[PDB]
């Protein structure tokens, strides 16, 4: 009814203004709850009418923020769930409760993701190890803060220049006692000679195995490929997107340049061009291994998870 | 000091019970029946969902309470087969409300026995049978009848 | 019950979580002579594994399945208990004892998983010995196809690859590569094999004897001199023990090193592995999941001054012999399974068609 | 030999038509003209047909399309028990498969031309209709770019590609075939059309491709390879001699390592090179 469009518009301008909420698993739960509220507050005779409907509001929600892919891939996963149920019921009236219980299964799958990565986390950490991460992500800091329960090693949290969010990760890992080293973003190849492996997170996994992540990590992937150290991308499966990199140049999210060059710099701000991209592109050849809640996967295996979670007819949304 | 929630020690067939997962094995997920004095049950790997499931840990969540329908029970062998596939969201909400009311009645009688200082489990079970299970057998409703009788006795 | 073994020597600081046992140490000093906690076939398997008599992966899995057949044949069912739960509850101390004797191969792990999936799929309406004979026939059919049909298929797929006038490099001891070379020599190909060996197992003499008795001209070499022969070598054949989900090859320790020197000399790598030796478990180095053998195996008698004899007097001295290591997936070219010739990028994908899906 | 005559009549009537689709049409016409109620009797006739099509045409796509067609015949024989309904099932399924294949190139064009930036530089090899279809969809999508086409010495078809692009009124330049490493630093992307894709992700193409691939490797350029799905080959060439020698005859075919290939653009979509082995193992030869 009307309250549905109230909540939809609130979600749309919440995504338009800032990051609401902060982390992504709450946002995926909000998206799945909004989608179950959309499928429980409407009337349809064919599944294709709800399919066109969900495609239209998915277009609206990704037109709210084109840089954040979690809402779009959640809409696409719900679309493939509806397509699978229509295909298994076609070969009618019990479809709605089937999509409801499938969304409930996806919610139980999604709430236990980080702790499944933590359960499989002990298969990648040995004693007295040098780890280097970038940015801030609760999956990687939970990974390290529970992997330090039985192992003793070292984590070097490098800050990122637009928003130094690695200080929060450093003070969260130092409370667990993992001998955290804090550095800048310019010393990575200065310290790549001693880092044994790179365990980072990401924002969005692309269809070809590539990934967008917090900025400055393509440099880290290049240095780790130069030193031949393996890369661990601790990423869930709601950051998996079918959006190809070269697609209408809408890759990077540019923010205000105040954090790079402040407004008190002088009259020299008029004749300067300051850009601040908070995301960066990493090709799959600079990635060794992805770690999802179902296990470890290769970058040569992202197409199979793509075809298992998404449909090629819904890539345009 | 603990006891079961109802006058029966084992649930009936197709009875949705509230359990908590304790461990995960290859045969299924070991659970504990919270309303039957923590007896051991098993949710089958084939009954965890209606969709093809690659691994048991994707939907187990050891430590979380869940409503599961009983498929097979054996009082002699001690085998209790449970299923999360058969339960509906309406039946899950009904089982959640029934477990909440039965847990409130259990906490009330546990506080009453702590005030009476009945450290023995047999005297506490006799108090259970004299307070809640008598009303549950009189009204023919386990959990609903005792909570309704206590809500009427509060007034 | 079974206690935990005393770990021998001074461990490496990077290998503090992995156990390091000894062969002069054994677990049965505080065990019964009629073995009641562990099965007699299981403790016989543990003694055959701990002393190093069965070291090949296929031989370890075959002896494991024979011991499991003797366990199922000597199995009884207690009253008011089902087979499908009591068997998995009784086999887990057996596998814990086998892990305590020696860290298990991945073929043994996949055999444990397949046996658990098979004995989980037994209905309780079936009888006792009927289900026991069904499981024994299932174990027999499983080892039958995924040993001999897989070996014949990989030998047929390698016969159409090895040409005439070729020179082949091998490393370590494997039944599959030796069977490939024997069938290729007997079926018409004329070639010579360069055998690469390494300390302290010296298991290249086994495939050297397998190649000389087949009539193949052989060449015995070590791992530092392989860089001398890789300009000459046209093809490198290797025996894989496990293949991981990223495409890594877990085998004997001189594999990724040998594959890197072979790629540096532009010699292609051909690992030979069966589809049951795959893993959903993945690792990227030889430090987070590896076997540690005896520290007293590295010593040698070069004259009169064996220096690593009393190595435990020096507090700052560490001894280490890695058994398994992994390869980068960009170093190995071929993976020859019974489904055909794949790259490493299809190691989990074949798992997707071997997981009944 | 009416099969080679029908193949040359199907291939010479349209210059916009590939050799593999003509071979599949010839195989379907031979299966419709066989009328032999036998599984092995049809399999041996199809194998002799592909033997004739490989003795006549030395293309890799012809033998590839015949092997896919043979796997399709094996699947349709293993599905249906009786052969009488299976003959009409094979005929209808092959006609529908050819109808799906004949629309593949347009699908490649609309799903492939999205990657090419505006104001960029394209490096391309010898003549094929697929890269022309992708480029004409790119200029139909209002994009401007400078094109550098290899002259491709053994048969001067890259100059014919350049003539077909000057008739399209686009800036194209015949670059020297010994100069693909000279213009690699200005070529931000290298999109190439292939004539056969081997199992691991590598490709079988014309002789001047693989060196350009390593020029794409030392200079970090994304080497895009464009090919349909009927060019998938169940082979594993390790070295440059390990390709079958009947497709060589001055060599004519170079094997390109799958590590030098960034992406594939098939009818399944934009794929990693590891996807070809997935399709070839669920297809089972």
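What follows draws every value from the coordinates through simple rules; no lab data is involved. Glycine also receives a Cβ, built like all others from the backbone with ideal geometry; neighbour counts cover every protein chain displayed.
For the pair residue C:24/residue A:150, report the inter-label distance in nm, with labels modelled 7 Å from Cα in the Cβ direction.
Using points 7 Å along Cα→Cβ, the separation is 3.1 nm.
Under a point spin-label approximation (7 Å from Cα along Cα-to-Cβ), what is the residue A:4-residue D:250 distance to one decimal in nm?
7.1
Consider just the alpha-carbon atoms of chain C and return their Rg together with their Dmax, both in angstrom.
Cα only, chain C: 21.7, 70 Å (Rg, Dmax).
Would you please give the FRET efficiency between residue A:316 and residue B:111, computed as 1/(1 + (r/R0)^6) with r the Cβ-Cβ distance and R0 = 56 Å, to the nearest 0.05?
With a Förster radius of 56 Å, E is 0.35.
What percent antiparallel are the DSSP beta bridges of the stretch D:109-283, to the nearest 5?
Taking every DSSP beta bridge within the stretch D:109-283, about 30 percent pair in antiparallel fashion.
Write down the radius of gyration of chain A and its Dmax, each obtained from C-alpha positions, in Å.
Cα only, chain A: 21.0, 70 Å (Rg, Dmax).
What FRET efficiency comes out for residue D:183 versus residue D:5 if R0 is 35 angstrom and r is the Cβ-Cβ distance? Round to the nearest 0.05.
Once rounded, the FRET efficiency stands at 0.20.
Mind checking Rg over Rh on the stretch C:1-153, alpha carbons, Kirkwood formula for Rh? It would help to have the intermediate numbers written out before the result.
Numbers: Rg = 16.9 Å, Rh = 16.9 Å.
Answer for the stretch C:1-153: 1.00.
Distance from the Cα centre of the stretch C:85-132 to that of the stretch D:51-66, in angstrom?
Each part reduced to its Cα centre gives a spacing of 51 Å.
Counting other C-beta atoms within 10 Å, which of A:62, C:77, D:272 has the fewest, and how do the rest follow?
Taking fewest neighbouring Cβ atoms as first place, the list is C:77, A:62, D:272.
If each residue's Cβ is checked for other Cβ atoms within 10 Å, how do A:253, D:221, B:84 rank with the fewest at the top?
A:253, D:221, B:84
For the protein assembly as shown, what proportion of DSSP beta bridges, expressed in % and rounded to the nearest 5, is antiparallel?
45
In the Gaussian network model of chain C, springs joining C-alpha atoms below 10 Å, which of C:242, C:63, C:131 carries the largest mean-square fluctuation?
For chain C, modelled as a Gaussian network with Cα springs under 10 Å, the answer is C:131.
For the stretch C:237-316 and the stretch C:34-61, compute the distance between their C-alpha centroids and round to whole Å.
First find each Cα centre; the distance between them is then 23 Å.
Per DSSP H run of n ≥ 4, the term is -39500 (n - 2.57); total these for the protein assembly as shown, divide by its residue number, and report the mean residue ellipticity at 222 nm rounded to 500 deg cm²/dmol. Walk me through the intermediate numbers first.
Numbers: 36 runs with 452 residues, N = 1114.
Helix contribution divided over all residues of the protein assembly as shown: -12500 deg cm²/dmol.
Once both axes come from the Cα atoms, what is the angle between helix B:89-116 and the longest principal axis of chain B, in degrees from 0 to 90, rounded to 10?
40
Give the separation of the Cα centroids, the stretch A:17-51 to the stretch C:322-357, in Å.
The distance from the Cα centre of the stretch A:17-51 to that of the stretch C:322-357 comes to 39 Å.
Take chain C, connect every pair of alpha-carbon atoms lying under 10 Å apart with a spring to form a Gaussian network, then pick out the residue of C:96, C:178, C:50 with the largest mean-square fluctuation.
Answer for the Gaussian network model of chain C: C:96.
Once the mean 1/r over all distinct Cα pairs of the stretch C:154-357 is inverted, what Kirkwood radius in angstroms do you read off?
Details: mean 1/r = 0.0555 Å⁻¹.
The answer is 18.0 Å.
Taking the number of other C-beta atoms within 10 Å as the exposure measure, put C:32, A:137 in order starting with the fewest.
Starting with the residue having the fewest Cβ neighbours, the order is C:32, A:137.
In Å and whole numbers, how far do the C-alpha atoms of the stretch B:11-87 stretch along each principal axis, longest first?
Extents along the principal axes: 32, 21, 21 Å.
Based on the alpha-carbon gyration tensor of the stretch D:2-108, what equivalent-ellipsoid semi-axes (square roots of 5 times the eigenvalues) come out, in whole Å, largest first?
Working: eigenvalues 103, 53, 27 Å².
Semi-axis lengths for the stretch D:2-108 are 23, 16, 12 Å.
Taking each residue of C:278-289 in turn, how many C-beta atoms of other protein chains fall within 10 Å of its C-beta, and what is the average?
Taking the mean over all residues of the peptide, I get 6.
Using label points projected 7 Å from each Cα along Cα→Cβ, tell me how many nm separate residue D:44 and residue C:186, to one decimal.
3.0
Once you've got the GNM for chain B with C-alpha springs shorter than 10 Å, pick whichever of B:46, B:102, B:55 has the biggest mean-square fluctuation.
Looking only at B:46, B:102, B:55, the largest GNM fluctuation is found for B:55.
Give the calculated FRET efficiency between residue A:186 and residue A:260 to the nearest 0.05, with a Förster radius of 22 Å applied to their Cβ-Cβ distance.
Efficiency, rounded to the nearest 0.05: 0.95.
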